[PDB]
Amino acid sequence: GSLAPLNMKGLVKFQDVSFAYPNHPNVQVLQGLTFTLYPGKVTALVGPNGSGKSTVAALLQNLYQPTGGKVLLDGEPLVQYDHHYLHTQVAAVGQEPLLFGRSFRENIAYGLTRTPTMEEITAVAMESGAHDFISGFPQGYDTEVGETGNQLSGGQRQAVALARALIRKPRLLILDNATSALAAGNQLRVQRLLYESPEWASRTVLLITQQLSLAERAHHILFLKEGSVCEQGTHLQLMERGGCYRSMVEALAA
């Protein structure tokens, strides 16, 4: 990879993408996968378990390469880009959020290519709803995260993991079930941050969630079944269709 463009729109395109994990070569996780993630819009990726949603997120971070087809970022293949440049443009928060044993300010800074001020760290923690519980500590942001493995709450962990990606100011934000542990209060904080903010109105967001309520408000929804796009479009468009998306939502609480 050589590409490090100073201006990235954030357009993501999957073109006939097929993938199988290198340890399971012929078990097609993805097959003929085609969609487009538009910059400034939040696209929700939903579907049944084992469909390939997290696999899609892995391919977007160039953790794996597609066996067939192309994963395109701003027109060029993802492999053409510099690895560390991708880290500066693409950030992903997950329901697989592993802290360290270091201070909270070190956990938030993470792989940042600079030294962030306290005003900067407090800001992203406030937007992620992690500032309050951190400020309650005697050592504050210098408090080393517990090596206990459960020294912290579920949502309080995700709040730290969220702020970690916010401070990166990525062009592409991938949320892999990183909203499940958050309460509706902190949920709205994220939603308003992604929807009702001028900062995140220029960036593309991939919201992977099992919570159809969150996908309901998304600008675009990708329904994934058997490793392929079963349906596509907004909530209303998918609703009147009365197919995969609708049937899945049909069985819910009104």
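All residue numbers are counted from 1 along the displayed sequence.
Quick check on the record: does 49 to 57 or 213 to 221 carry the larger mean Cα temperature factor? On average, C-alpha B-factors are higher across 213 to 221.
Would you tell me which stretch averages the higher CA B-factor in the PDB entry, 90 to 98 or 172 to 180? For C-alpha atoms only, the mean B-factor is higher in 90 to 98.
Which one of 151, 158, 113, 107 shows the biggest C-alpha B-factor in the PDB entry? When the deposited C-alpha B-factors of 151, 158, 113, 107 are compared, 151 is largest.
Can you tell me which of 36, 43, 65, 186 has the highest Cα temperature factor in the record? Among 36, 43, 65, 186, the highest C-alpha B-factor in the entry belongs to 186.
Would you check the entry's CA temperature factor for residue 134 and let me know if it's in the chain's lowest, middle or highest third? Its C-alpha B-factor, which the entry lists for residue 134, ranks in the lowest third among residues of this chain.
Test of reading the entry: by CA B factor among the chain's modelled residues, which third contains residue 145? Top third by C-alpha B-factor.
Residue 27's Cα B-factor: lowest, middle or highest third of the chain? It falls in the top third of the chain.
Entry-reported Cα temperature factor of residue 201, expressed as the chain third it lands in: It falls in the top third of the chain.
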